[PDB]
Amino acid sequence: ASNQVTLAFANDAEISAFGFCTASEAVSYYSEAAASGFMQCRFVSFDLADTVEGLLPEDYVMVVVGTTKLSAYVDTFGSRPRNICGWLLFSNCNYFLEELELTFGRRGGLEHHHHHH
C-alpha cells in the first residue's frame, strides 16, 4: 500500500547519472523526487554498477538493501552494505516499471567510533 512505489528499473546499455556532494542535499532531492512519483530516478541493480556513468564512489545516492523486505537510505555510491540490492539514481535512461515495497529511512552519521558490524 503506502510503502509500495512504482519504480523505473534501468534497462539500458548505458546509465548516465548524477549524485550529490552531501548527504543532506541528497535527502532533499530524493524527497522531492518521491513526492513527484520518482520518475526522475531509476532503480539500478547492484550488478549493473559497471554500466553507470557520471558517478564517483564518494557521491551520495540512495542505496537499497535487503534479502527479503527492502530498506532505502542515503549513503555513498561506493558503500557496500549487507544485502545490497542497488540504488535509486537520478538518470533518464530507458526503463521498465515494477512496484517495490520500500521503507525509506536514515542510517548515516550515527556512529562516532569504528565497529565491526
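Residue indices: 1-based, along the sequence shown.
Residue-level inspection of the entry shows that, of 17, 97, 102, 23, 102 has the top Cα B-factor. Comparing the C-alpha B-factors of 85, 49, 89, 72 in the entry, the top value falls on 49. When the modelled residues of the chain are ordered by C-alpha B-factor, residue 44 sits in the lowest third.
In this PDB entry, residue 79 carries a Cα temperature factor that places it within the middle third of its chain's modelled residues.
Among the modelled residues of the chain, residue 55 sits in the middle third by CA temperature factor in this PDB entry.
The deposited CA B-factor of residue 61 belongs to the lowest third of values across its chain.
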